[PDB]
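# this one's sequence-less:
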Ligand SMILES: *[C@@H]1O[C@H](CO)[C@@H](O)[C@H](O)[C@H]1NC(C)=O
């Protein structure tokens, strides 16, 4: 819940993250909204969406 | 593979309205490249060399 | 009015496979310029 | 000072419809208006 | 404004729809307030997305 | 512009039963004048006022017959009945002239039994 | 706009609202088409059970039949379509090592990092001017729909219009409106000899 500049496993971006009910697949890394922009992130060190 | 799908991903639908649509273009492919220069009849003096 | 319909990859490039390999990264302008031309051919018929 | 308000459409008025009710005027009145339109 | 907003005074309709025999209800408002809209209207809003 | 060309071909040069095309109100005329880079149209019109509540009944009964009007409507003050036009009050006595007859007067709804002066009988007297 | 069409007939577009019982009203809207007043009063119910059956038939159309609200959608589709077309072009390098800026800076030194960007620009602005010129026009057209409608409500709804094929098919009696998301849908009632 803060505007931030982040790097997730080499993926770098800025924005505000939030806890999300989304269900990735055990291998999937990051979802992209239409326009293929970064949509969300499963956080590595706990692998949470 | 089949053209009913040559469209589908053009429109990006797994359904196709009644009606028509347009996908691609036809254009024949060529062959038998040709070159026919003029009568080669003005030569250099090599035998005289 | 007379309906025209165009094959961009034919005009900009003229059957030089080299070219089209450049237009892909100049984007999707190629399509639109057609879509706006079909959207005419559909109406200039409707008008009649 | 300043104000911020929702928009008033007009004066809420009600009419006396009835199977036996009409209304007719008795004196006329003229109006003059302006419809400005561009040409050039 | 040029289309729907011709008038300046907002009228209403009485409860007594003894309007000569017709049943205009299918257009008049719905006091149940499905957004104060009418029947032949609401369809036009849900039948479109 | 064309729209502004139509008005000086419809509203100025003539009368048009259309509303909100030659101004607000029942059109009567339209005097135009100029501009630097446009036109102006001065619309003269007809704005009703000084209303009055009346009571209606479309048709009338007499001799068991039903008579209707020709141009205008039927109204009544409390006891009398009169006929007049739809956009002005200048009432008249009902006659066999300003009306006409079709059918029996058992079907029309909202009717009100009345009498009819007829301008021939005394001319026989 | 309807609370006076029914009630005030059509006197609500020339000044004050003069009432009428909607029977004397249709009794006039017939006097325009060329029907004598009898044909209404003496055939009212048959005229009534028609008007009321006339709507349900429309219910099905707009309640059961899709494809009946096309044009209003062919407007939505485009405006949103070209939009994504603008969102999308932002991943077309337009002639550079990428379509992503922060990287291009984070990989080079200014000099080329400036021309790289000097190209990316030269297509975006071209991307925008394109969308725009596709958004003016489609916003001009929609006007002709409006200055038209504004001339339909002004005539068909607020009154009677003798114009054949303006308030629809037939000697027009009275046109009733209803609204919509981005537009209107009219209910034009007419006369049809049989
Ligand atoms: C008129 O309406 C009243 C209700 O206000 C009703 O009692 C009466 O029967 C109606 N009569 C006619 C002729 O419309």
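The structure has been received and is ready for your questions. Numbers count the residues shown, from 1 in each chain, chains lettered A, B, ... in the order given.
# quick check: residue G:26 is in a strand.
No. Going by DSSP: H, G, I helix; E, B strand; the rest coil, the assignment for residue G:26 is helix, not a strand.
# give me the three-state assignment for the residue of chain G found nearest chain A.
For chain G and chain A, the shortest gap (CB to the nearest CB) falls at residue G:87, measuring 4.5 Å. For the C-beta atoms, the positions are set from N, CA and C on the backbone; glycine is no exception. Three-state call for residue G:87 (three-state DSSP): helix.
# and the residue nearest to the spatial centre of chain C, how far from chain F?
Central residue of chain C (CA atoms, centre = their mean): residue C:34, 3.4 Å from the mean position. Distance check for residue C:34 against chain F: by CB to the nearest CB, to the nearest Å, it reads 32 Å.
# the most centrally placed residue in chain D and residue E:49: what is the separation?
Note on chain D: the residue nearest the mean C-alpha position is residue D:10, at 8.7 Å, using CA atoms, centre = their mean. Residue D:10 is 33 Å from residue E:49, where distance means CB to CB, to the nearest Å.
# for residue G:14, same thing?
40 Å.
# look at those two and report which has more neighbours.
Neighbours were counted for residue G:14 and for residue E:49 using other CB atoms under 10 Å in any protein chain shown; residue G:14 has more, 21 against 7.
# ok, now which ones touch the more buried one?
F:19, F:24, F:25, F:26, F:45, F:46, F:47, F:48 (CB atoms under 8 Å, 6 or more residues apart in numbering or on different chains).
# again with residue G:139
Listed by CB under 8 Å, 6+ apart, the contact set of residue G:139 is empty.
# helix, strand or coil for it?
Assigned state for residue G:139: helix (three-state reduction, three-state DSSP).
# gap between it and residue G:77?
Residue G:139 sits 15 Å away from residue G:77, going by CB to CB.
# residue G:11 now?
Counting by CB to CB, the gap from residue G:11 to residue G:77 is 42 Å.
# these two: who's more crowded?
Between residue G:11 and residue G:77, counting by other CB under 10 Å, residue G:11 is the more crowded of the two (24 against 9).
# my read is that that one contacts residue G:18, right?
Yes. Between residue G:11 and residue G:18 there is a contact at 3.8 Å, judged by CB atoms under 8 Å.
# which neighbours do those two share?
Counting by CB under 8 Å, 6+ apart, the residues touching both residue G:11 and residue G:18 are D:23, F:48.
# what residues does chain B put near chain G?
Proximity of chain B to chain G, by CB under 8 Å from any CB of the partner chain, involves no residues.
# can you give me the helices in chain B?
B:3-7 (DSSP state H).
# most centrally placed residue in it?
residue B:29 (3.4 Å).
# mind checking how far that one is from residue F:41?
Distance from residue B:29 to residue F:41, by CB to CB: 65 Å.
# ranges for the helices of chain C?
C:8-11, C:17-23, C:29-41, C:43-46.
# if we ignore the residues flanking it in sequence, what's nearest residue F:33?
Excluding the flanking residues, the one nearest residue F:33 by CB to CB, 6 or more residues apart in numbering or on different chains is residue F:40, at 5.2 Å.
# hmm, that neighbour is touching residue F:31, no?
No. Taking contacts as CB under 8 Å, residue F:40 lies outside contact range of residue F:31: 9.6 Å.
# contact partners of stretch G:39-52?
Contacts for stretch G:39-52 (CB under 8 Å, 6+ apart): E:20-23, F:58-59, F:68, F:102-103, F:107-109, G:23, G:26-27, G:30, G:189.
# tell me, how many residues neighbour the residue in chain B positioned nearest to chain A?
Using CB to the nearest CB, the single residue of chain B nearest to chain A is residue B:12, 11.3 Å away. Counted by other CB under 10 Å, the residues lying close to residue B:12 total 7.
# quick revisit: got phi/psi on the closest residue to the residue of chain G closest to chain A other than its chain neighbours?
Closest residue to residue G:87 apart from its sequence neighbours, by CB to CB, 6+ apart: residue A:35 at 4.5 Å. Dihedral angles of residue A:35 (phi, psi; degrees, to the nearest 10) stand at phi 90, psi 0.
# contacting residues around residue A:35?
So residue A:35 contacts G:84, G:87, G:88, G:90, G:91 (CB under 8 Å, 6+ apart).
# what's the closest of those to residue G:105?
Of all the contacts of residue A:35, residue G:105 sits closest to residue G:90, with 16.5 Å by CB to CB.
# what about the closest one, which SS state?
For residue G:90, the assignment made with three-state DSSP gives helix.
# neighbours of the residue nearest to it when sequence neighbours are not counted, just the number please.
Using CB to CB, 6+ apart and skipping the chain neighbours, the partner closest in space to residue G:90 is residue G:99 (6.4 Å). With neighbours defined by other CB under 10 Å, the count for residue G:99 comes to 18.
# what distance do you get for residue G:99 to residue G:115?
Distance of residue G:99 to residue G:115, given as CB to CB: 16 Å.
# next one: residue F:60
Distance of residue F:60 to residue G:115, computed by CB to CB: 93 Å.
# higher neighbour count, the two?
Taking other CB under 10 Å, residue F:60 and residue G:115 do not tie; residue F:60 has more neighbours (24 against 12).
# can you count the residues close to the nearest residue to that one once chain neighbours are set aside?
Excluding the flanking residues, the one nearest residue F:60 by CB to CB, 6+ apart is residue F:114, at 4.8 Å. For residue F:114, the count of nearby residues is 16 (other CB under 10 Å).
# hmm, residue F:62 and residue F:114 touching each other?
Yes. Between residue F:114 and residue F:62 there is a contact under CB under 8 Å: 6.8 Å.
# residue contacts, the residue nearest in space to the middle of chain A?
When CA atoms, centre = their mean is applied to chain A, the residue found nearest the centroid is residue A:41 (1.4 Å). By CB under 8 Å, 6+ apart, residue A:41 lies in contact with A:8, A:11, A:17, A:30, A:49.
# between those residues, which is nearest chain D?
residue A:17 (34.8 Å).
# check contacts around the closest one.
Taking CB under 8 Å, 6+ apart, we find residue A:17 in contact with A:1, A:4, A:6, A:40, A:41.
# ok, 7 Å please
Counting by CB atoms under 7 Å, 6 or more residues apart in numbering or on different chains, residue A:17 touches residue A:41.
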